[PDB]
Amino acid sequence: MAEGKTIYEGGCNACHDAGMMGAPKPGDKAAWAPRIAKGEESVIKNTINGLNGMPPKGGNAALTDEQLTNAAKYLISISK
Ligand code: HEC
């Protein structure tokens, strides 16, 4: 499978598929739209660095910045 989706399915989904803490669900256009509108760069920085209940790197210590980038892009791609 594509890398961003594979990464997503291995733990990010625990919070995101359920919307825990207000995490934006995959495919939830309305949730994602204002997050996308600030630019992909901001979205990627928040994925790497963490934002509120979103842990740095999703709490997956093995991932590269490029892998985190590809998982954030996957979520953006399916939620527009
Ligand atoms: C729960 C413990 C989480 C895990 C595990 C992951 N995410 Fe998450 N994410 C979470 C929350 C609560 C939020 C919203 C934060 C807020 O206060 O607004 C998010 C948000 C994201 C975003 C959007 C960031 C933005 O610029 O608005 C992305 C792209 C995102 N999360 C990606 C992501 C990925 C790729 C993860 C696994 C590697 C992952 N999250 C795990 C909560 C949780």
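Per the PDB entry, the protein goes by Cytochrome c-556 and derives from Chlorobaculum tepidum. The record lists the entry's title as "Soluble domain of cytochrome c-556 from Chlorobaculum tepidum".

Enquirer: Describe the packing of helix α1 (residues 3-16) against helix α4 (residues 65-77), listing the residues and the values that go with them.
Expert: Closest axis-to-axis distance for the α1/α4 pair is 7 Å, and the angle between their directions is 90°. Of the possible angle classes, the one that applies to α1 and α4 is roughly perpendicular. Packed against α1, whose contacting residues are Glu3, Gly4, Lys5, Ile7 and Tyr8, the element α4 presents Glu66, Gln67, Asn70, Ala71, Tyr74 and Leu75 at the interface. Residue composition of the contact of α1 with α4, grouped by class: 5 nonpolar, 3 polar and 3 charged.

Enquirer: Explain the coordination of the iron atom of the ligand to me, using residue names and the numbers behind them.
Expert: For the iron atom of the ligand, every protein donor is listed as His16 (NE2) and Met54 (SD), and the spread of their distances is 2.1 to 2.3 Å. Classification of the site at the iron atom of the ligand rests on its 6 donor atoms, whose angles at the metal span 85 to 179°, yielding the label octahedral. Pair noted here: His16 is in helix α1 and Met54 is in the loop between α3 (40-49) and α4, with a separation of 38 residues, a long-range link. Residue class for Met54 comes out partly exposed when judged on its relative accessible area of 24%.

Enquirer: How would you explain unusual backbone geometry if you had to name every residue and give the values?
Expert: In this structure, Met21 is a non-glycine residue whose phi angle is positive, near 65°. Within the element layout of this structure, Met21 appears in the loop between α1 and α2 (29-37). Look at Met21 and you get exposed, because its relative accessible area is 63%. Phi at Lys57 is positive, roughly 60°, even though this residue is not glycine. A residue is classified by how much of its surface remains accessible, and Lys57, at 30% relative accessible area, is partly exposed.

Enquirer: Report on the layout of surface pockets, specifying residues and quantitative values.
Expert: Roughly 670 Å³ of volume is contained in the largest pocket. In terms of lining, the largest pocket is formed by 29 residues, of which the most central are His16, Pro24, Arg35, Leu51 and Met54. When contributions to the lining of the largest pocket are tallied by element, the ones reaching two or more residues are α1, α2, α3 and α4. Looking at the lining of the largest pocket element by element, the count peaks at 5 residues for α1. Its residues assigned to classes, the lining of the largest pocket comprises 17 nonpolar, 9 polar and 3 charged.

Rules behind the numbers
As a convention, residue numbering begins from 1 on each chain and follows the written sequence, not necessarily the numbering found in the entry; residues with no coordinates do not appear. Computation of side-chain values: all heavy atoms of the structure, hydrogens and water removed. Residues with missing side-chain atoms are left out of burial classes, side-chain pairs and their counts. Lines fitted to the C-alpha atoms define the axes, with helices restricted to the stretch that makes contact. Angles between their N-to-C directions range from 0 to 180 degrees. Per the convention used, a helix needs a DSSP run of H or I reaching at least four residues, while a strand needs a run of E reaching at least two, with both numbered from the N terminus. Angles are sorted into four bins: roughly parallel if under 35 degrees, roughly antiparallel if over 145, roughly perpendicular if 65 to 115, and oblique for all others. Whether two residues are in contact is decided by their heavy atoms: any pair within 4.5 Å suffices. Any residue outside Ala, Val, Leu, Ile, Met, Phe, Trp, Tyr, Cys, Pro, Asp, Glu, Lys and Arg is labelled polar, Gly included; the first ten of those are nonpolar and the last four are charged. Distances up to 2.8 Å from the metal define which N, O and S atoms are donors, and 3.2 Å serves for Na, K and Ca; water is absent from the atom set, so sites may look incomplete. Angle rules define the geometry names used: all angles between 85 and 135 degrees makes four donors tetrahedral, while opposite donors over 155 degrees apart and all other angles between 65 and 115 make four donors square planar and six octahedral, leaving every other case irregular. Throughout, exposure labels follow a simple rule: accessible area from a 1.4 Å probe, protein chains only, divided by the maximum for the residue type, with under 20% read as buried, over 50% as exposed, and the rest as partly exposed. Using only the protein atoms, space was sampled on a 1 Å grid; points where a 1.4 Å probe fits but cannot get out form cavities, open sets with protein on both sides within 12 Å along at least five of seven lines form pockets, and lining residues are those with an atom within 4 Å of a point. Grid points are joined across faces, edges and corners, and a volume is the space filled by probe spheres set on the points.

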